[PDB]
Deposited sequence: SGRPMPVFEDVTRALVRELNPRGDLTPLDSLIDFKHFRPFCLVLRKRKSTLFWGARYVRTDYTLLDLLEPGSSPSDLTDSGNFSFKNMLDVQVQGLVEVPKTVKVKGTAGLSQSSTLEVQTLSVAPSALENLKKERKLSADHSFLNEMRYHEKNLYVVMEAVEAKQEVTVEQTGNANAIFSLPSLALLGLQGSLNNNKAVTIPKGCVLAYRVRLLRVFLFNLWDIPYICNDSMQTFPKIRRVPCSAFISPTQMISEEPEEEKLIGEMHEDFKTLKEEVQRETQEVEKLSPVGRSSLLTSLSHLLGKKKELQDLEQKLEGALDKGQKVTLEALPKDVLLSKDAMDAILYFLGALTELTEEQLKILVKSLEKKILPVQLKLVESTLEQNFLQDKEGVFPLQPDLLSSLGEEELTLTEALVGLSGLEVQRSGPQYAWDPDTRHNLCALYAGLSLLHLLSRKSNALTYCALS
C-alpha cells in the first residue's frame, strides 16, 4: 500500500466515475495484473472506504479457455491530483495539477466471439480449485491508465511528542479498473453479465447426493453505511468475554508498536481464513477461542489499522494509556459524519466541547493523530480543515478507534 499513489487513484476514481463501481488501485507493484482480461478475487473483509477491493491471480480469462486486437482504446483527457500532491514530468521545471489518462476496454465483439468459439478448460487446475471452493471470479473489463510517465509526491505536535514520499507512475500504469463477475454453467459454458448482481455467484452449488450408493456430485458510499459496517464488526468482537476482550487488547497492544508484525498478523490471518486451514497464530490470545466470524472481524480491523502510519499506531498506544480514545473517536466520527460527501476542501468551526477535556499532552496526541489522517485541527479557534481526498485515511482511523475503544471501554 503506497500512500501517495492511493491518494491519486482514489481521487481519480471520485472524479471519473462519481458514485460508480470503478475500483481505485491502492498500489502499483503489480498493476499488470489489473489489466483487461485479468482475473481477480474479492479481498476478504474488504471495504469501499479504504484499501484494496480485489487481489491478483496468476491468470487471465484467456488462460481458462480451451491482448491488443480485442481492446478498444479511448483517450479520456485530464484528471486532477489531490491538492497535496504535485506532478512532475510534463510541465518542465515547473509542475502540474493534472494527469492525462486513457481507458482500455474489452471490445464487445471480442467477448461475444470468445463466448461463441471457446469453452472453459475442464483440465485447468486453478479453475477446478476455485470451482470446488465456490470462489467468485471477476474479470477486468476496463482499465484506466496513465497516458505518460509522471512522478507524484506529497507536500509541530509530532516534534513535541518526540516521535516524528514520491512515486514514479510508468506510462500505461493501471490507475483504476472495472470488473464484472464471471459466470460458469454446465459443460464449461460461460458468460460475463453486463449488469452484475450481488446475489450472483460464479459457480453453481454442487453437492454429493445424500444416502446414495454413488459418489458423483450434482446440481452505497455514505457515512451511514460506514457506521453500520464498523458496527457489525464491533458487534462481532463484543461477543467475547470481558476477559477475552482484555486478552485480545493485550496482544494488539503489543502489535501496534510494531507495524511490520501487525501486517504479518494481517496477512497470515487473511491467508488462513481464505485457504480455510487451522488458525494457529501466536499474536492472538491463547486463552480465548475465536469463532470464525470473530477472526474475520479482527481481520477487518487489522485492515483498518494497517492503513495508518507507524506514528499513528504508537499514538494509539499512548492514547490508550491516557484513556482518551472516547474523545478522539467522537472527534473523528463527528467530523466524518458532518463532511462525508463534501467534494471540496473547506474550513470549519469546531465544537469547543470536543477538545475541551484534553490536557496539553492529550490534546497534542489527538492533534497529531487526526492530523496524520489528513484532518488539520487548529486549537485556537478551534477550527478544522476538511480535505475530501484523505477521507479514506480518516475512515480507517474511525474503524481503528472503534475497535480499540470497545476493547478498553
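Engineer: Just jot down which stretches of the deposited chain sequence have no CA coordinates, in the order they come.
Structural biologist: Holes in the chain trace, numbered from 1: 1-3, 70-84, 174-182, 192-197, 253-267, 458-468.
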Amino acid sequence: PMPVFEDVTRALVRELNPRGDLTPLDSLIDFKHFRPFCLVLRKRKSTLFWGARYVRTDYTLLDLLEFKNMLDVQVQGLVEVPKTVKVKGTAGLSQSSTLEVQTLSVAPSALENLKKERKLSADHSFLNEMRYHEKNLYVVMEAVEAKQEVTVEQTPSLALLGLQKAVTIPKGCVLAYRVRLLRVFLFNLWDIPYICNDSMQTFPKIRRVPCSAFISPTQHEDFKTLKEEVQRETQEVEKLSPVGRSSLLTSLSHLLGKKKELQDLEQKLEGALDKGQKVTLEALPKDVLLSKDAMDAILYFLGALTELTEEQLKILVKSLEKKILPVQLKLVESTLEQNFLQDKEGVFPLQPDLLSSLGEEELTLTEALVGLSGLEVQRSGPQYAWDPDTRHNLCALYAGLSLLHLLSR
From here on, numbers count along this sequence of modelled residues.
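Engineer: Mean Cα B factor from the PDB record: higher for 267-275, or higher for 174-182?
Structural biologist: Result of the comparison: 267-275.
Engineer: Please compare 129-137 with 287-295 and name the stretch with the higher mean C-alpha B-factor in the deposited structure.
Structural biologist: According to the PDB entry, the answer is 287-295.
Engineer: Just to confirm, going by the entry's C-alpha B-factors, which of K314, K330, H254, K116 comes out highest?
Structural biologist: Of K314, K330, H254, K116, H254 has the highest C-alpha B-factor.
Engineer: Checking the record values for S356, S46, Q342, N69, which has the greatest CA B factor?
Structural biologist: When the deposited C-alpha B-factors of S356, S46, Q342, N69 are compared, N69 is largest.
Engineer: Using the temperature factors of the C-alpha atoms in this entry, rank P382 within its chain: lowest, middle or highest third.
Structural biologist: Answer is middle: the recorded C-alpha B-factor places it there.
Engineer: Sorting the chain's CA B-factors, does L226 end up in the lowest, middle or highest third?
Structural biologist: Lowest third - that is where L226 ends up once the chain's C-alpha B-factors are sorted.
Engineer: When the modelled residues of the chain are sorted by Cα temperature factor, does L403 land in the lowest, middle or highest third?
Structural biologist: Ranked within chain, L403 CA B lands in the middle tercile.
Engineer: Name the third of the chain's ranked CA B-factors that contains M2, choosing lowest, middle or highest.
Structural biologist: Highest third - that is where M2 ends up once the chain's C-alpha B-factors are sorted.
Engineer: Select lowest, middle or highest to describe the third in which the CA B-factor of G20 falls within its chain in this entry.
Structural biologist: Highest third of the chain for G20's C-alpha B-factor.
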